[PDB]
Amino acid sequence: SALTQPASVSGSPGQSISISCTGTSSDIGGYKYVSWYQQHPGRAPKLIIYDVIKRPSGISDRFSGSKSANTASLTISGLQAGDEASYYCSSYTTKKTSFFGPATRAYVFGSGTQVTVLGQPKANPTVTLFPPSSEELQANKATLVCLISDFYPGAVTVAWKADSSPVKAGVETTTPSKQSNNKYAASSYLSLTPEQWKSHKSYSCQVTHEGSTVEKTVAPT
Amino acid sequence: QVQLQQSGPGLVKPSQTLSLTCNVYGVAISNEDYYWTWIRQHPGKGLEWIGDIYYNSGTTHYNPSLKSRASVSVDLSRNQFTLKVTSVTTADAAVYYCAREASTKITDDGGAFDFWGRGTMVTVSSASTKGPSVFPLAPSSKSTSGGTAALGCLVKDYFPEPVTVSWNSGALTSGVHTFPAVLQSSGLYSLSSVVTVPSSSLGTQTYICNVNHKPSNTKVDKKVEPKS
């Protein structure tokens, strides 16, 4: 029911890129009130185009848009790194509330298109590994915290080791999430007992990312 | 000019009634140029127009998708408007946006949503809420590299999302990083908030994190000192 849109479209810096929004006759094909919304992870949407072509006050000339038949287009020229977000097309439409009766006003949105920028410099993650606090140990809990910030692309591999041997049970690892600076962050958690914590020489957190590996190690002291 | 505040995030039980409020600033709702609209965004999905209201007409309009389970109200004493969705199911859980619909001319049927709100997160679960446990991630020789030192708060065992973490009452903003939460097998969320700071500020300058869990109405203040 939502307007048709490509899940993702990509382009290198400086070049133009086009995002097509396919609709119907009851909207876009019929009405002049098509608009575009930009949404970075994970703030609220912001208006960038309305009435097909017109830009709000404060938007750059880089963002242009057009319409033809039942399809609209958003053309971003002079592409930049900050133009990496989600883009939704919206349109005015009319619908029947009951089976019959006057057609009530409504709005329909698109599925959304993820714009990726090409040729961004790879970044190595800043890794941190916190041991269990005394307070947590007093509560009979124990959680090792492995934090992984500011890496690019958003592909990383985390592993946990007890002393020198790997461990799979008790491991909870977040999926990478986009930061404002277009880099990715993530975190991992190893839940143990105070017994496992105090009955081992060291615990380690390995982070593998594009040929680079980083192993951080904590110990019970 | 326009500024829209939504109510705090929340848990709502199945088959109960969701109710969200939106405070408008910088422009009157009684205005004639603007329809006032509700839109939700489901987790990992596109947007969905819920319904709107136009004051001068007094007419409200809704999306047939909600089977007439949604109603929009207005309160001029505070210049606010509210949404009410009844008999909620798991499919109504989402991030709810409130927006102003503005046209080019009154003659124009439609327009676009120029101004939006930050969004309130609404989770639909019969399970009860739970305030977070706040453990101090203390600075040490481990969370250090030369002139910089990382200290944080572990916000463990809480439900539902979200949680607002700050440091020193929203004063220290330089170097703060809050990671998204893990979803444990138990269903409870957990996240860490770490601030990176100078090394020569651990003994003297104090660091207090402030955790706010609105869904369960919990607010915790924790000081993170160097271990001793």
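The listed protein sequences correspond, in order, to chains L and H. Numbering-wise, the first sequence is residues 2 to 9, 11 to 27, 27A to 27C, 28 to 95, 95A to 95J, 96 to 210 according to PDB author numbering. Numbering-wise, the second sequence is residues 1 to 35, 35A to 35B, 36 to 52, 52A, 53 to 82, 82A to 82C, 83 to 100, 100A to 100G, 101 to 215 according to PDB author numbering. For each residue, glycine too, the CB sits at the ideal point set by N, CA and C.
Residue i and residue j closer than 8 Å at C-beta
i, j, result
"H/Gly49", "H/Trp36", "yes"
"H/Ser180", "H/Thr165", "yes"
"L/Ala68", "L/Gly99", "no"
"H/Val109", "H/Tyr90", "yes"
"H/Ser7", "H/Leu20", "yes"
"L/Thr93", "L/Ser27A", "yes"
"L/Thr117", "H/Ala137", "yes"
"L/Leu78", "L/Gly13", "yes"
"L/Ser90", "L/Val33", "yes"
"H/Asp144", "H/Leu175", "yes"
"L/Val106", "L/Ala84", "no"
Three-state secondary structure (DSSP) of residue i
i, result
"H/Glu32", "coil"
"L/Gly29", "coil"
"L/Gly81", "helix"
"H/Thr84", "helix"
"L/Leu46", "strand"
"H/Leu18", "strand"
"residue 260 of chain H", "Lying outside 1 to 215, the shown extent of chain H, residue 260 of chain H is not represented and no answer is given."
"H/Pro61", "helix"
"L/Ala3", "coil"
"L/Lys94", "strand"
"H/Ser215", "coil"
"H/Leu159", "coil"
"L/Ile58", "coil"
Start-to-end residues for the alpha helix (DSSP H) that takes in residue i
i, result
"L/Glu184", "183-187"
"L/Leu126", "123-127"
Residue span of the beta strand (DSSP E) that contains residue i, given as start and end
i, result
"H/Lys81", "77-82"
"L/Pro110", "Neither: L/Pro110 is in no beta strand (DSSP E) and is coded neither H nor E."
"L/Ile137", "131-140"
"H/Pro185", "176-185"
"H/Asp72", "67-72"
"L/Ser193", "192-198"
"L/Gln168", "Element bounds for L/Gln168: n/a, residue is neither H nor E."
"H/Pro123", "120-124"
"L/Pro155", "154-156"
"H/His200", "195-200"
Cutoff 8 Å: residue i Cβ touching any chain A Cβ
i, result
"L/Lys66", "Going by chain labels, chain A is absent from the structure shown, which instead holds the protein chains L and H."
* Cβ pair count under 8 Å reaching 3, the segment 166-177 of chain L against the segment 3-17 of chain H -> no
* To do: Pull out every residue of the segment 158-174 of chain H whose Cβ sits closer than 9 Å to any Cβ of chain L, in chain order.
  => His164, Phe166, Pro167, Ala168, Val169, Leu170, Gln171, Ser172
* Of all the residues that make up the segment 120-138 of chain L, which are near chain H by a beta-carbon distance shorter than 9 Å? -> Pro120, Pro121, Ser122, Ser123, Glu124, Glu125, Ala128, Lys130, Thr132, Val134, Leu136, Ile137, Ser138
* Members of the segment 153-169 of chain L that neighbour chain H once the beta carbon cut-off is set at 8 Å -> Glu161, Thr162, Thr163, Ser166
* Going along the segment 96-110 of chain L in order, which residues come within less than 9 Å of chain H, judged by CB to CB distance? -> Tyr96, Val97, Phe98, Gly99, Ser100, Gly101
* Asked: Does the segment 63-78 of chain L come close enough to the segment 118-129 of chain H to have 3 or more Cβ pairs within less than 8 Å?
  -> no
* Asked: Is the segment 37-45 of chain H in contact with the segment 188-206 of chain L, if contact means three or more CB pairs nearer than 8 Å?
  -> no
* Members of the segment 122-143 of chain H near chain L, C-beta cut-off 8 Å -> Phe122, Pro123, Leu124, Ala125, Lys129, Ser130, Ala137, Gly139, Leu141, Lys143
* Using a Cβ-Cβ cut-off of less than 9 Å, give me the residues of the segment 166-200 of chain L that come near chain H, in sequence order. => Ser166, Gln168, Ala174, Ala175, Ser176, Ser177, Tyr178, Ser180
* To do: Would you check if the segment 134-148 of chain L and the segment 175-182 of chain L touch, i.e. whether three or more CB-CB distances between them fall below 8 Å?
  => yes
* Asked: Got a sec: which bits of the segment 45-56 of chain L sit with their beta carbon under 9 Å from any beta carbon on chain H, in order along the chain?
  -> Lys45, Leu46, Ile48, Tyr49, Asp50, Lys53, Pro55
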